[PDB]
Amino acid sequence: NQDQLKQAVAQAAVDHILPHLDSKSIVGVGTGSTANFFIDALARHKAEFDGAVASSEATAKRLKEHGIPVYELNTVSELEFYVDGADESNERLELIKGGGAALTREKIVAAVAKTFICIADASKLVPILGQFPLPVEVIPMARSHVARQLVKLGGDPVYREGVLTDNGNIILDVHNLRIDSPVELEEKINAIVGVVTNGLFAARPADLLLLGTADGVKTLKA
C-alpha cells in the first residue's frame, strides 16, 4: 500500500545518505507523512551525524522527541542534504509542494541544501504538473487581491479554510492550471505582491527523486 511505499522511499533516502554522513553532518528535514517516516528511520542512526534543521515546528518537535539536535537554519551556510516529500513531480524533478502547508520553510531550507532528495510514492510522478491544486502562501489581508491575480494566470484559487501556516499566513490552493512551464509560472506567481511563497519547486527543483513502486524504489534524475 501507499504507507509501505512511503516507508520504502524514506528508508531508501536514509540508506542513500548514510555513507556520506559524519560527526559534522547536519541534515535538512521535510514535513508531512513521508518526511515523518524519514525522521523515524533516520533517528535509528542518530549516532552517525550531528543534528538536523527542521522545515516546520511539527518536524522540530518530532526530531527532538528522538533526541536529535535541532539547529536553526541561520547557523549554517550550507547543508549537504535536504530530504522531503512532494505532492507532484514531473520528469524534470520540478515539484508541486504545500499540501502539508509547510511550503515556505521547506523551500527556504531546500535553497540552502546542496542536494535536495525528494521521496515519493509512484503515483506522484505526473506527465504535467497541476492536477493537484498548487498551494500559494499569502499574506492574510491580501487574499482577494492575490486571488484576482491568480485568476489572470488561468487558475481557480480556493482559500484553505481555517489553516494558518507556521508563518501566520493563509493558503490559496489553485485549481485547473496546466503547468507546462513550471519555472516560468513560478516566476509569474512570485511577481504577485502579497505572495509569500508558491509551491512550485522548479527554479530550484529536486536533484534526486526516489520513487516507491511495486517493483521497489527507483532513482530518477532530471
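Residue numbers here begin at 1 and follow the sequence given.
For the segment pair 136 to 144 and 123 to 131, the entry gives 123 to 131 the higher mean B-factor, averaged over Cα atoms. Taking the PDB entry as given, 209 to 217 carries the higher mean Cα B factor of the two stretches 209 to 217 and 18 to 26. Per the PDB entry, 64 shows the highest C-alpha temperature factor of the residues 175, 64, 188, 160. The PDB entry assigns its highest CA temperature factor, among 149, 104, 89, 77, to 77. Placement of the Cα temperature factor of residue 47 within the chain: highest third of the modelled residues, per the deposited record. Remark: residue 41 belongs to the highest third of its chain, ranked by C-alpha B-factor as recorded. Residue 167 sits in the lowest third of its chain by CA B factor, as recorded in the PDB entry. Split the chain's modelled residues into thirds by C-alpha temperature factor. Residue 56 is in the lowest one. Split the chain's modelled residues into thirds by C-alpha temperature factor. Residue 33 is in the highest one.
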